[PDB]
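I have placed the structure first, in the form of structure tokens, so that the comments after it can refer back to it.
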Amino acid sequence: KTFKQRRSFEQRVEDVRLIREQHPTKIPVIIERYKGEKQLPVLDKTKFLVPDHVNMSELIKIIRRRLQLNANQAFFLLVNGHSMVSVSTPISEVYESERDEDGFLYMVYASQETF
Amino acid sequence: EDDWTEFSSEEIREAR
Ligand SMILES: [Zn+2]
Ligand SMILES: [Zn+2]
Ligand SMILES: [Zn+2]
Ligand SMILES: [Zn+2]
């Protein structure tokens with residue numbers, strides 16, 4: 001069961017509302033593994049709050065360090081079910097253009113560029 | 001068993 005299946009729409013919108021009362025500039029990001037990925041490990045946690053000014057290469061480098069991936073392993077992020085943005089892009093601009101109708105920014109990761 | 005995971009500055013710095 002994915003995050004969207006676990007929590008209802010009403011509950012997810014409330015989550016986002018609550019968390020941005022506390023942290024008005026931080027980005028609520030849902031990070032999950034792509035259903036078909038076997039090589040990369042599932043992340044310990046799903047819900048992340050990330051600062052506005054962090055860019056995508058910084059975000060991927062964080063997650064790589066959390067997962068202790070060795071240097072030769074590939075790591076790709078697919079956003080909102082379709083978007084592979086430039087890694088130079090701050091996560092705040094991604095949230096502006098790619099956030100879900102519930103207020104979360106959904107991503108999935110994999111080690112293959114196809115999805 | 002709390003869902004919200006914030007990245008510390010320590011963690012963010014170490015990325016760069
Ligand atoms: Zn408050
Ligand atoms: Zn798009
Ligand atoms: Zn903008
Ligand atoms: Zn450390």
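Chain lettering (A, B, ...) mirrors the order of the structure tokens, residue numbering begins at 1 for each chain separately, and ligand numbering begins at 1 in order of display.
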Which residues in chain B does DSSP call alpha helix (DSSP H)? List them as number ranges by chain. B: 9-15
Tell me as a PyMOL selection string which residues belonging to chain B come within 9 Å of chain A, counting only C-alpha atoms. chain B and resi 2-7+11-12+14-16
Atom CA of residue A:74 to atom 1 (Zn, counted along the ligand's line) of ligand 3, distance in Å rounded to a single decimal: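 It comes out at 28.8 Å.
The interatomic distance for the pair atom CA of residue A:53 and atom CA of residue A:90 works out to 5.7 Å.
Remark: for ligand 3, the closest of the candidate residues A:111, A:89, A:100, A:16 is A:89 (distances computed over only C-alpha atoms and all ligand atoms).
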Give me, as a list in words, all polymer residues having an atom no more than 7 Å from residue A:107, counting only C-alpha atoms and skipping those fewer than 3 positions away in the same chain.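 Once the adjacent positions are removed, what remains is residues 30, 31, 32, 77, 78, 79 and 80 of chain A.
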Contacts of ligand 2, 7 Å or closer, only C-alpha atoms and all ligand atoms, given as a list in words: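 Those within range of ligand 2 are residues 80, 82, 83, 97 and 98 of chain A.
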Could you tell me, counting only C-alpha atoms and all ligand atoms, which protein and nucleic acid residues lie no more than 10 Å from ligand 1, written as a ChimeraX atom specification? /A:18-24
For those residues, write C-alpha atoms to a file as a short mmCIF file (atom, residue, chain, number, x, y, z; two decimals), in the first residue's frame.
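The result, written out as result-v8.cif:
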```cif
data_model
loop_
_atom_site.label_atom_id
_atom_site.label_comp_id
_atom_site.auth_asym_id
_atom_site.auth_seq_id
_atom_site.Cartn_x
_atom_site.Cartn_y
_atom_site.Cartn_z
CA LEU A 18 -1.03 21.65 9.79
CA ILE A 19 2.63 21.34 8.80
CA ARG A 20 2.68 24.67 6.92
CA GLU A 21 1.10 26.45 9.92
CA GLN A 22 4.32 25.42 11.70
CA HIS A 23 6.83 25.68 8.78
CA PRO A 24 5.45 28.16 6.17
#
```
Residues up to 10 Å from ligand 3, counting only C-alpha atoms and all ligand atoms: could you list those as an MDAnalysis selection string? chainID A and resid 90:97
Export C-alpha atoms of the chosen residues as a PDB file, in the first residue's frame?
```
ATOM      1  CA  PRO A  90      15.417  24.564  -6.250  1.00  0.00           C
ATOM      2  CA  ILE A  91      12.750  22.342  -4.693  1.00  0.00           C
ATOM      3  CA  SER A  92      10.557  25.427  -4.090  1.00  0.00           C
ATOM      4  CA  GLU A  93      10.141  25.924  -7.854  1.00  0.00           C
ATOM      5  CA  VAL A  94       9.341  22.234  -8.267  1.00  0.00           C
ATOM      6  CA  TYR A  95       6.609  22.583  -5.599  1.00  0.00           C
ATOM      7  CA  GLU A  96       5.263  25.612  -7.472  1.00  0.00           C
ATOM      8  CA  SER A  97       4.860  23.689 -10.750  1.00  0.00           C
TER       9      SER A  97
END
```
